[PDB]
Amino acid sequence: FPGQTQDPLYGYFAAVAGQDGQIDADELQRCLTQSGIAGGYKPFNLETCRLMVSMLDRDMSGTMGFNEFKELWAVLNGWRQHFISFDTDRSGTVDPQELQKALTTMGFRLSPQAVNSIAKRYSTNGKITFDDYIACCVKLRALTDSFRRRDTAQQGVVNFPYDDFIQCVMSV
């Protein structure tokens, strides 16, 4: 094509993908660190990266390709952007109520009780860090997609058989 160019994100990726163009949660964690997506904030944990791989692992290989990495970057940027509009104090952490308003604006639709529940799960010393916030986000997106694809009748309710429920949530 006439307007082709080198993708700036490929370098970070190629540096850890080796010769098969695929990366695991460990490698994903390293290249994301270099990419600097976590701005000033602390680097992502291996667990959060594990959730990230799972969220985009369409063929269940426990790995991720460059195109998937590109998707992730787009998504993580959106969430950090949203997180930023709440970390006024620029503390690298956010308030429980600020979290309720963050989730609601980014598209999620949870009840006050559910939000309270989620806030409690990721609250360390009253606050929610950037790492936990993102972890929360990928897991929310991940579980909501699955639920969504099982509810094409869009009734907000799905009958989960035990085996399906287990294989579904254990991945995230």
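The numbering used is simple: start at 1 and walk along the sequence shown.
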Per the entry, higher mean C-alpha B factor between 48 to 56 and 110 to 118: 110 to 118
Between 100 to 108 and 132 to 140 (mean CA B-factor, as deposited), the higher: 100 to 108
In terms of the CA temperature factor given in the entry, to which third of its chain does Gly62 belong: lowest, middle or highest? lowest
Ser146 by Cα B-factor - lowest, middle or highest third of the modelled chain: lowest
Please place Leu32 in the lowest, middle or highest third of its chain by C-alpha B factor as given in the entry. lowest
According to the PDB entry, is the CA B factor of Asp24 in the bottom, middle or top third of its chain, that is, lowest, middle or highest? middle
